[PDB]
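There is one chain below, alone, in structure tokens, taken in the form deposited in one PDB entry.
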């Protein structure tokens, strides 16, 4: 390929990681007071298709976050992507599979690469810009892959995959070349998330399991983090040292600089779960949160205050608006947007001062 031994590949990973470890260290801009909302568009989507948000270092040394929804009809995949209010686009690309079968996971890679996982651990890579098939790949593992991601800056010849028992490997985009860095039982994972510097990978499941693996030192024991509680997402915050565990009604934030288990601040209870269909999401800085109440059709904004170490509601943000069960948030410099989702459709809401 280009890397002939795992030893050569590991040193490419560490080196490329060192190239970027000191970049992307500036803060995203502070959120203004938000007072107006605009319903931008209502669309249907296929919720069973998991889509991992794509992160890109920007010229201002913080990261942009692209969120993606997929609607799969009749041998086409309709995508809606945005990193803020002014970058909404809808792209249609062909579904390479027979019969209109749905991917289980869709993720992006650099150079307009689109990664499509189909059950049985079969991966197709498309160029979303030219509509060509670049790769048809099979991963030999008896366990279902539950995570697939390609970093936009670090080690950009490979993307990462992980199965639901902790096998972790890297796969070259162009060559038939791959390396396993962790091998498979105790666990049963549903999802994953990759740290900014692409050396730490968290694997987790809804029932409390949270294991962080070190991708650059093969088969070193994963560290297990103590969560009581139903996990719904784990995020590595953009500052590089918070690991945020979004649960159903609690937020747990671990401090990666200290002993495994040490919190960055006291665990936070979402108010007011009733108890109940309130939903929420935290942005990738880990400092800004938006919550939705189906009861009052209102959005509430919370801000984390590192002086007091707790979340407090911003009372100057009365945002009132159809019953959503999940949501995601984006906030590039074109404006903050909330993506409100039912189990089969979604509404995008622009938020402005």
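Positions refer to the first chain, counted from 1. Just so we're on the same page, rigid core means the largest C-alpha set that superposes within 1.5 Å between forms.
| query | Does the entry skip any residues of the deposited sequence between residue 184 and residue 185, and if so, is it 1 to 3, 4 to 9, or 10 or more, or none at all? | reply | Count of unmodelled residues in between: 1 to 3.
| task | Between residue 228 and residue 229, count the deposited residues left without coordinates and pick a bin: none, 1 to 3, 4 to 9, 10 or more. | result | Unresolved stretch here: 1 to 3 residues.
| said: I need to verify one thing: averaged over C-alpha atoms only, is the B-factor higher for 7-15 or for 21-29? | reply: In the deposited entry, the stretch with the higher C-alpha B-factor mean is 21-29.
| said: Test of understanding: from the entry's C-alpha B-factors, which stretch has the higher mean, 105-113 or 214-222? | reply: Mean C-alpha B-factor is greater for 214-222.
| Based on the PDB record, which member of 252, 278, 146, 77 exhibits the highest Cα temperature factor? | That would be 278.
| said: According to the Cα B-factor stored in this entry, which of the following is highest: 73, 84, 246, 127? | reply: Result of the comparison over 73, 84, 246, 127: 73.
| query | Which third, lowest, middle or highest, does the CA B-factor of residue 180 fall in along this chain? | reply | It falls in the bottom third of the chain.
| query | Against its chain's modelled residues, does residue 59's Cα B factor rank lowest, middle or highest third? | reply | Residue 59: CA B-factor falls in the highest third of its chain.
| task | Sort the modelled residues of this chain by their C-alpha B factor and say whether residue 324 lands in the lowest, middle or highest third. | result | For residue 324, the deposited C-alpha B-factor lands in the highest third.
| said: What third of the chain does residue 50 rank in for C-alpha temperature factor, lowest, middle or highest? | reply: For residue 50, whose C-alpha B-factor we compare with every modelled residue in the chain, the answer is the lowest third.
| query | Going by the entry, which third of its chain does the Cα temperature factor of residue 273 land in? | reply | It falls in the top third of the chain.
Not pictured, yet referred to below: the form deposited in another entry.
| Position that moves between this form and the one not shown after core superposition, taken from 297, 43, 58, 46, with Cα shift of 2 Å or more | Per the superposition, the moving residue is 58.
| message | in the other entry, the Cα separation between residue 290 and residue 316 changes by 3 Å or more relative to the shown form; did it shrink or grow? | response | Compared with this form, residue 290 and residue 316 lie closer in the other entry.
| said: What direction does the residue 62-residue 312 Cα distance move in the other entry compared with the shown chain, closer or farther, given a change of 3 Å or more? | reply: Residue 62 and residue 312 sit farther apart in the other entry.
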